[PDB]
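Right, one structure below, let's go through it.
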Amino acid sequence: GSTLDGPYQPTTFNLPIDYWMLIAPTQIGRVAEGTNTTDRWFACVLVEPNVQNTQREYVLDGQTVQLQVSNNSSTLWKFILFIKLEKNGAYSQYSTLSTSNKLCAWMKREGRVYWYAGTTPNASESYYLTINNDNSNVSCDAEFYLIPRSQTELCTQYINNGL
Ligand code: NA
């Protein structure tokens, strides 16, 4: 089998730059979130297949919020990436990952958070938001793995084909 660094237990930590955090939830709902403390609070949530347009509640940055979600695939899971831009603001949707594998991943580099988006087996790190704070903490509700940038090809492989 594949050999990855992890699984690590759910925790909050200063994710080092240049490592993919490959997150492996077992439950739908909130998966992980992070912030630069100033103008970016980002979060990903997991939505099961075959979900008609609806408002669900998630506790993001400690607050219970209602967000509109949907997943019109009968087979693929869907991670949704939400971001709010000020402490007291509302979250908007920025990216998605439709997947048969239920894994998502992001990396802090170049002042940005890169995120795997698209539809497996052809998801890629095509989306990023800007944080400009290398000490931005991430809080993860799921087990996760860390993959150095030298093995980005492996992260891509795991996202798209499973471990
Ligand atoms: Na949809």
Side-chain angles (χ1 to χ4, degrees), residues 6-12 15 20-109 112-131 136-145 147 152 154-163:
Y8 291 94
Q9 292 302 301
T11 193
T12 296
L15 165 63
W20 293 107
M21 186 172 174
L22 179 71
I23 307 171
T26 58
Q27 295 201 163
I28 59 175
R30 192 183 72 209
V31 175
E33 57 187 350
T35 183
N36 65 6
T37 81
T38 57
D39 61 20
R40 296 296 184 269
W41 289 258
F42 53 95
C44 58
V45 307
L46 175 62
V47 179
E48 73 272 27
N50 200 26
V51 172
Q52 298 175 39
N53 178 70
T54 187
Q55 283 186 317
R56 287 183 177 175
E57 287 188 334
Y58 305 101
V59 177
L60 303 184
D61 193 25
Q63 289 303 302
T64 303
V65 301
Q66 293 189 62
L67 293 171
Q68 192 163 274
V69 302
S70 63
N71 184 4
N72 68 350
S73 174
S74 65
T75 54
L76 304 183
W77 302 81
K78 184 179 179 169
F79 290 93
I80 306 172
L81 184 71
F82 289 101
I83 314 172
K84 79 173 173 177
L85 310 177
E86 53 109 350
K87 178 71 176 177
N88 303 319
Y91 289 80
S92 289
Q93 178 177 330
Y94 289 88
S95 189
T96 62
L97 172 62
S98 293
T99 170
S100 63
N101 311 116
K102 209 180 305 179
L103 300 167
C104 67
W106 54 32
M107 171 186 288
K108 289 158 60 180
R109 76 162 195 272
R112 298 165 177 168
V113 176
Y114 285 83
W115 160 264
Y116 276 81
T119 301
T120 61
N122 298 117
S124 64
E125 45 156 338
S126 59
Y127 180 83
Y128 55 88
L129 64 141
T130 299
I131 55 166
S136 294
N137 287 333
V138 170
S139 292
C140 192
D141 301 287
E143 288 188 350
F144 65 93
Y145 305 80
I147 301 173
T152 293
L154 296 186
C155 191
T156 302
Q157 178 186 306
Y158 306 144
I159 286 288
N160 288 304
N161 310 283
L163 291 184

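The chain is numbered in sequence order, starting from 1. Atom set for the values below is all heavy atoms of this structure, side chains included, hydrogens, waters and symmetry mates excluded.
- Listed here is the closest heavy atom pair of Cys155 and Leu22: SG-CD1, 4.4 Å.
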message = Does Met107 form a side chain to side chain contact (heavy atoms under 4.5 Å, CB included) with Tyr116? I'd like the steps, not just the answer.
response = CA-CA 9 Å; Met107 171 186 288; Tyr116 276 81; over 6 Å; no

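- The line from CG of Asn101 to CG of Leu163 is 8.5 Å long, rounded to the nearest 0.5 Å.
- For the pair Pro49 and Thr75, the tightest heavy-atom approach, listed with the atom from each and the gap, is CG-O, 3.6 Å.
- Under the 4.5 Å side-chain criterion, counting only non-hydrogen atoms from C-beta, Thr120 is in contact with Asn160.
- Dense packing is recorded around OH of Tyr94, with more than 12 heavy atoms of other residues, nucleotides or ligands lying under 6.0 Å away.
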message = With side chain to side chain contact (heavy atoms under 4.5 Å, CB included) as the criterion, how do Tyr91 and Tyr58 come out once you've worked through the C-alpha distance, each side chain's angles and the decisive distance to 0.1 Å?
response = CA-CA 11 Å; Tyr91 289 80; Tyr58 305 101; over 6 Å; no

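- Closest approach of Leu103 and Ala24 over heavy atoms only: CD2-CB, 3.5 Å.
- When all heavy atoms of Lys84 and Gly89 are compared, the pair lying nearest together is CD-O, 3.5 Å.
- Partners of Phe144 by ring pair (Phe, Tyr, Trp, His ring centres under 6.0 Å), not counting sequence neighbours, listed by chain and number: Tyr8, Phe13.
- Between atom OG1 of residue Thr119 and atom CG of residue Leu97 there is a gap of 7.5 Å, rounded to the nearest 0.5 Å.
- When only modelled atom types and interatomic distance are considered, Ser139 and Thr12 share a side-chain donor-acceptor pair under 3.5 Å.
- The two residues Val45 and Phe82 come nearest to each other via the heavy atoms CG2-CE1, 3.7 Å.
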task = Test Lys87 against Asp61 for side chain to side chain contact (heavy atoms under 4.5 Å, CB included), laying out the working first.
result = CA-CA 9 Å; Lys87 178 71 176 177; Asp61 193 25; 2.9 Å; yes

ask   = Hey, mind stepping through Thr35 and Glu33 against side chain to side chain contact (heavy atoms under 4.5 Å, CB included) and telling me if it holds?
value = CA-CA 7 Å; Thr35 183; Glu33 57 187 350; over 6 Å; no

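- At least one donor-acceptor pair closer than 3.5 Å links the side chain of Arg40 to the backbone N or O of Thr130.
- Side-chain atoms of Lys78 come within 3.5 Å of backbone atoms of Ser70 as a donor-acceptor pair (strictly under, hydrogens ignored).
- A 4.5 Å side-chain heavy-atom check between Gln9 and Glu143 finds at least one atom pair inside the cut-off.
- In this structure, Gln27 and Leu46 have side chains that are not in contact, with every pair of non-hydrogen atoms separated by 4.5 Å or more.
- The backbone N or O of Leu15 sits less than 3.5 Å from a side-chain atom of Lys108, completing a donor-acceptor pair.
- Under the 30°/60° scheme for interplanar angles, the aromatic rings of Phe42 and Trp106 are found to stand perpendicular.
- Atom CG of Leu81 and atom CZ of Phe79 lie 11.5 Å apart (nearest 0.5 Å).
- Note that the OG1 atom of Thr99 and the CG atom of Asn122 stand 11.5 Å from one another [nearest 0.5 Å].
- Other residues, nucleotides and ligands contribute at most 12 non-hydrogen atoms within 6.0 Å of the CD atom of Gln52.
- Here the SG atom belonging to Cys104 is positioned 4.0 Å from the CD1 atom belonging to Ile23, to the nearest 0.5 angstrom.
- Remark: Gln55 CD is packed, more than 12 non-hydrogen atoms of other residues, nucleotides or ligands lying under 6.0 Å away.
- Using a distance-only test at 3.5 Å, with no hydrogens or angles considered, no donor-acceptor pair links the side chain of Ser98 to the main chain of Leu76.
- Side-chain atoms of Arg109 never come within 3.5 Å of backbone atoms of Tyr114 as a donor-acceptor pair (strictly under, hydrogens ignored).
- Between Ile159 and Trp20, the closest side-chain pair of non-hydrogen atoms is not below 4.5 Å.
- Taking every heavy atom of both residues into account, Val47 and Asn71 meet most closely at O-ND2, 3.5 Å.
- Note that CG of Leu67 and CD1 of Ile80 are 8.5 Å apart. Values are rounded to the nearest 0.5 Å.
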